[PDB]
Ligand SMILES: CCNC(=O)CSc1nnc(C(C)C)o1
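The chain that follows stands alone, in the form deposited without the named molecule, written as structure tokens.
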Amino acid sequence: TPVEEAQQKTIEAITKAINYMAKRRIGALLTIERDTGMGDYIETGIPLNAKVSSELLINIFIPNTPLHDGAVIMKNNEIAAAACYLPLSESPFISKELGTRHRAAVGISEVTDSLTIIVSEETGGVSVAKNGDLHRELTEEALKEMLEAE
């Protein structure tokens, strides 16, 4: 159906952008709003309300640019805003070598049902935060399964 084709197109756009950033070890933080509304965090960023594309996602996260500092938040199949604030987790159970990008992803996942994708700037490793937990060292197959499950 139209809705299904649109969801698959967005999943493909995300995975392509994530693959590009993982290869180049470009740090990234991408939160997908679900049932819990995140308007209050969207409002902290730069409004975009833009169509999703792998190209736009990549251009947002390029290091040392206006938009790369903070989270992209997606809502209703669009990029709602970039450079958004997310709350930092105080969980003592996050791997100690990880920094604020991952703690922000876990933090928003503690108070929403959202799914957040993180690319490490140190390793290019890809992880997902959901329900207060961080799922690390994901393959492409694993991230896709997570997006389809979501």
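Counting begins at 1, following the sequence as shown. Take the two forms, find the largest set of C-alpha atoms that superpose within 1.5 Å, and that set is the rigid core.
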- Once the rigid core is matched, which of the two stretches, 91 to 99 or 109 to 117, lies farther off on average in 8 other deposited structures of this protein by C-alpha? 91 to 99
- Per the entry, higher mean C-alpha B factor between 137 to 145 and 21 to 29: 137 to 145
- Message: Tell me which stretch, 96 to 104 or 115 to 123, has the higher mean Cα B-factor listed in the entry.
- Response: 96 to 104
- Which third of the chain holds residue 59 when residues are ordered by C-alpha B factor: lowest, middle or highest? middle
- Item | Third of chain Cα B-factors occupied by residue 86 | middle
- What third of the chain, by the recorded C-alpha B-factor, contains residue 46? lowest
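Keep in mind that the form solved in complex with the named molecule is missing from the display, and what follows is about it.
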- Answer key, the named molecule contact in the entry with it bound at 4.5 Å (heavy atoms) among 90, 40, 35, 97: the residue is 40
- 4.5 Å heavy atom contact, residue 50 and the named molecule in the entry with it bound: no
- Partner contact for residue 112 in the entry with it bound: the named molecule, 4.5 angstroms, heavy atom: yes
